[PDB]
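Structure first, then comments.
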Amino acid sequence: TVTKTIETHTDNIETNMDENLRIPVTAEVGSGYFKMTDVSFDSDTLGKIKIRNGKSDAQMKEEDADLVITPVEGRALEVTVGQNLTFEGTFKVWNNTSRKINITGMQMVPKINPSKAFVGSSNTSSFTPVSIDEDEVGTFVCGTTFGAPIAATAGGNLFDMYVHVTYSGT
Amino acid sequence: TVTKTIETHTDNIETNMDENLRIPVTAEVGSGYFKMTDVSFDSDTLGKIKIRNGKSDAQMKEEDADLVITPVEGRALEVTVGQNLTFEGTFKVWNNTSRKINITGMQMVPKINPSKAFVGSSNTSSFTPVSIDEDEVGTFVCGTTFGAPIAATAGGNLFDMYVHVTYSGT
Amino acid sequence: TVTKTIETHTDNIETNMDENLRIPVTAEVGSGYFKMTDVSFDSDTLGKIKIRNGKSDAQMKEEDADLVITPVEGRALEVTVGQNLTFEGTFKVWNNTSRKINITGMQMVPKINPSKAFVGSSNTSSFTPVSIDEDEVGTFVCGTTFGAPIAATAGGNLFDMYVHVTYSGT
C-alpha cells in the first residue's frame, strides 16, 4: 500500500530531522554565566525558534513559536565566579512541537575578532542530555571550562554556542 | 512514475539516517581503557542496539539486534597505563543491517557529578573511521588524552562517549 | 493529494541532508596553514566533491562536480608562523547544487600514527559559518590552536579535518 509507505516515510523523515543550533553568547566576566540575547529565527528543520530571557514556564507557552529557549540562572554548575574559568549556559526549552525532541550535545566556539584572533586556550564543555515531550519544558544543563581566565578584552568573552537538537531519540 | 519516485525517496531517506550514539563509559584507573557496560536500547534511527562485552565475532552474530557493539582490549593505542592520561575506547560492531554503515566520529564528554562539577582539563580524542558492510564486523579504534591524570575521585573517571554513526558513506 | 505530499517529502528529505566531510590535512610547519591534497570523491549525500588547489572562482566553476573545495591562503587568521601553535584551514567552495548549502562546523582530529600514538595536547578550533547560494562561491574561515608546537616528527602534523555541511539552513 502506497498510503502506508508514505505514512512510514513521513515518520522516518521526521526521525531524520537533525540540527546544530547556533546561539551567540557572552561569557559575562564575574558572573559564571554565558548570556544570550533575545532573538527570533527560522530553521528549515526546526521551524520558528525564539530565545526569551526571564520567562517562567507559563510565559514561555504564550510565545508564538515551535521552540522557545530561556536561559536559567540556577547555578546547576558549581563555580567560583571570580576565577572566570567556568561558565554555565544552562537553558530550558518549551517543545511546542508534535514530537518528543532531544537536546544531546553542545560545543563552545571562540568568536574570531576583527583583528582575526580567537581565544585558543583549552576549551572543555559538559552537558546533560534531555528529552522533552510535546508541550513540556525541559532543562539542558551545560557549561564550559577554559584553560585560562576569560576576559572581555579583544572580544575574548564572545562565543557561538552550538546545541545539537534531534527528533531521533533513544 | 510515482513508483520509482517512492523507491528513490526510500533510498534517500535511508542515506539521511544520522545518529550520535551515547555510550556511558568508565575510564578504569590503571588500565588505559574506557569500560562500557552491557546494555540494550532502541534508537528511532538505528533500531535495536546491544553492547556485549567479551564476545567473539561469531558470538556477536548470535545476538538479536540490528547492531552489536563489543569493546576490544587489543591495545590499538600506545599508552603508559600508570600515567592515566590516555584511555582507549576501541570497539567492534556487527552490522546486522541491510546497508553498509559508517562510524565516523567520537567525542568524550566528562560527566557532571552530583556536586555539579566535571573534569575540565584539556580533552582531545582521536579515532579511525570505519565502514562496515552488511553482516560484517568492523573495528572502530578510538581514544582520548587528558591534560591531567584521571582519577575516580568525585566521579572524575565517568564519561559519556558519543559515537557518530551514519548510513551516508563516501 | 499524494502529488503534493510527495513534493513535500522531496523538500523535507532535501532539508535532512547532513554530512561530516573528512578532509585529510597537513599542518605545514612554519606556514601557519593546514594543507589539503587535490582529491575527488563521492558522497551518498552531497554527490561528487573535488578538492582543487590554486583555482580562481572562475576556474572552480569549470570543474565537473557538485561541490568544489579550494583552500585559500589569505591569512584570514592572525598567526605568528614560527610558533607553530595556530594553523589556518580556510577554504572556499563552489555550490554547483540546486539548493543553498551551509558549512557550519569544523573539528580537527589528530591522526593516529603507525606507532599507535597521536598528538594529545589541547586542541581548540574556531570557524565562521557560511551559507552559499546556488552557483555561488563562499569562504569558510577556520583554524585550530594547539597547546604545544606542532612538529612533523612521528606524523605529528597530520590531521583529519571534519567539516559539517548541511542543506537545512537558518
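Find, among the GluC sites (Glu not before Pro) in the stretch B:52-86, those assigned to loop by DSSP (not H, G, I, E, B) with at most 12 other beta-carbon atoms within 10 angstrom.
Within the stretch B:52-86, the qualifying GluC sites (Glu not before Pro) (loop, at most 12 other Cβ atoms within 10 Å) are B:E62.
Just to be sure I understand: of the beta bridges DSSP finds with both ends in the stretch C:8-135, what percent are antiparallel, rounded to 5?
Antiparallel bridges: around 80 percent, rounded to the nearest 5.
Just to be sure I understand the model, the point goes 7 Å from the Cα along the line to the Cβ. What's the resulting A:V2 to B:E73 distance in nm?
A separation of 5.8 nm, rounded to one decimal place.
Hey, what do the phi angles of the stretch A:123-131 turn into as Karplus ³J(HN,Hα) couplings, whole Hz, using 6.51/-1.76/1.60 and θ = phi - 60°, x for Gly and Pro?
3J(HN,Hα) across the stretch A:123-131, in whole Hz: 9, 10, 9, 9, 6, 10, x, 9, 10.
Per residue of B:121-132, how many C-beta atoms from partner chains lie within 10 Å of its own C-beta, taken as a mean?
On the way: counts 5, 11, 9, 14, 6, 11, 5, 5, 5, 0, 0, 0.
Counting other chains' Cβ atoms within 10 Å and averaging over B:121-132 gives 6.
Select from A:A58, A:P71, A:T124 the residue farthest towards the positive end of the dipole of the stretch A:17-170; place +1 on Cβ of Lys and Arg, -1 on Cβ of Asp and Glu, and compute about the Cα centre.
Toward the positive end, the furthest listed residue is A:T124.
Return the average number of partner chain Cβ atoms within 10 angstrom of each residue Cβ along peptide C:3-16.
On the way: counts 1, 0, 4, 7, 1, 2, 10, 4, 2, 11, 11, 3, 9, 16.
Counting Cβ atoms of other protein chains within 10 Å of each residue's Cβ and averaging gives 6.
State, to one decimal in nm and shortest first, how far the label point of B:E7 sits from each corresponding label point in the other identical copies (label point: 7 angstrom along Cα-to-Cβ).
For B:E7, the other copies' label points sit at 2.5, 2.5 nm, shortest first.
Placing the label point 7 Å from Cα along the Cα-to-Cβ direction, what are the distances from A:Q83 to the equivalent spots in the other copies, shortest first, in nm to one decimal?
2.5, 2.5
So, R0 is 30 Å and r is the distance between the beta-carbons of A:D11 and B:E62; what FRET efficiency does that work out to, to 0.05?
Plugging the Cβ-Cβ distance into 1/(1 + (r/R0)^6) gives 0.50.
Using a simple spin-label model with points 7 Å from Cα along the Cα→Cβ vector, what separation in nm is obtained for A:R22 and B:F41?
Going by the 7 Å Cα→Cβ label model, 2.9 nm.
For the stretch A:1-77, what percent of Cα pairs sit more than 19 Å apart?
Working: 1570 of 2926 pairs.
Tail fraction, whole percent: 54.
Please compute, for peptide A:76-86, the average count of beta-carbon atoms on other protein chains lying within 10 Å of each residue's beta-carbon.
2
In debye, nearest 20: dipole of chain A around its Cα centre with unit charges on the Cβ of K, R (+) and D, E (-)?
600 debye
For the protein assembly as shown, what's the radius of gyration and Dmax over Cα atoms, in angstrom?
22.4, 67
Can you list the copy-to-copy distances for B:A154, using a point 7 angstrom from Cα toward Cβ, in nanometres, shortest first?
Spelled out, the distances from B:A154's label point are 3.0, 3.0 nm.
Could you give log10 I(q)/I(0) at q = 0.11, 0.15, 0.16 Å⁻¹ for chain A, computed by the Debye formula over C-alpha point scatterers of equal weight, without solvent?
Relative scattering, expressed as log10 I(q)/I(0), comes to -0.49, -0.84, -0.93.
Build a GNM of chain A with springs between Cα atoms under 10 Å: which of A:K50, A:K116, A:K92 gets the top mean-square fluctuation?
Looking only at A:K50, A:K116, A:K92, the biggest GNM fluctuation is shown by A:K116.
Using the Karplus curve 6.51 cos²θ - 1.76 cosθ + 1.60 with θ = phi - 60°, what ³J(HN,Hα) values do you get for each residue of the stretch C:71-85, in whole Hz, with x for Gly and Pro?
Each residue of the stretch C:71-85 in turn: x, 10, 8, x, 6, 6, 10, 6, 8, 9, 2, x, 7, 6, 9 Hz.
Once amide H atoms are placed 1.01 Å from N in the peptide plane, what residues at a sequence separation of 5 or more from C:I23, or on another chain, have their amide H within under 5 Å of its amide H?
C:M161, C:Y162, C:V163
Less than 14 Å Cβ to Cβ from C:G155, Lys/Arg counted +1 and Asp/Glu -1: what total charge do the surrounding residues give?
Values: positive: C:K111, C:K116; negative: B:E78, C:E28, C:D160.
Net charge in that neighbourhood comes out at -1.
Compute the relative contact order of the stretch C:17-170 as a whole-number percentage, counting only Cα pairs closer than 8 Å that sit 6 or more residues apart in sequence. Before the final figure, lay out each step's value.
Working: 383 pairs, mean separation 46.2, N = 154.
The normalised contact order for the stretch C:17-170 reaches 30 percent.
So what's the net charge close to B:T90: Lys and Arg +1, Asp and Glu -1, counting the other residues with Cβ under 11 Å from its Cβ?
Its environment carries a net charge of +1.
So for the pair C:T153, A:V130, with labels modelled 7 Å out along Cα→Cβ, what separation do we get in nm?
My value for the distance between the label points is 4.8 nm.
Would you kindly derive the ³J(HN,Hα) couplings of the stretch B:101-114 from the backbone phi angles with the Karplus curve 6.51 cos²θ - 1.76 cosθ + 1.60 (θ = phi - 60°), listing them in order in whole Hz, with x for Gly and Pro?
Coupling constants for the stretch B:101-114: 10, 10, 10, 10, x, 7, 9, 10, 9, x, 6, 6, 7, x Hz.
Between C:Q59, C:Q107, C:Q83, find the one with the highest GNM mean-square fluctuation for chain C; connect C-alpha pairs within less than 10 Å.
C:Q59
Evaluate E = 1/(1 + (r/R0)^6) for C:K116 and B:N113, where r is the Cβ-Cβ distance and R0 equals 45 Å; express this FRET efficiency to the nearest 0.05.
About 0.90, to the nearest 0.05.
Projected onto the charge dipole of the protein assembly as shown (+1 at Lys/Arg Cβ, -1 at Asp/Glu Cβ, origin at the Cα centre), which of A:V165, B:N95, C:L158 gives the Cα projection farthest towards the positive end?
Of the options given, the answer is C:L158.
Quick check on the protein assembly as shown: of the DSSP beta bridges with both residues there, what percent are antiparallel, nearest 5%?
90 percent
Anyone know which of C:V93, C:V109, C:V39 comes out most mobile in the 10 Å Cα GNM of chain C?
For chain C, modelled as a Gaussian network with Cα springs under 10 Å, the answer is C:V39.
Computed from the coordinates by the stated procedures, all read-outs in this text should not be read as laboratory data. In this analysis, Cβ positions are derived from the backbone assuming ideal geometry, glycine residues included, and neighbour counts consider all displayed protein chains.
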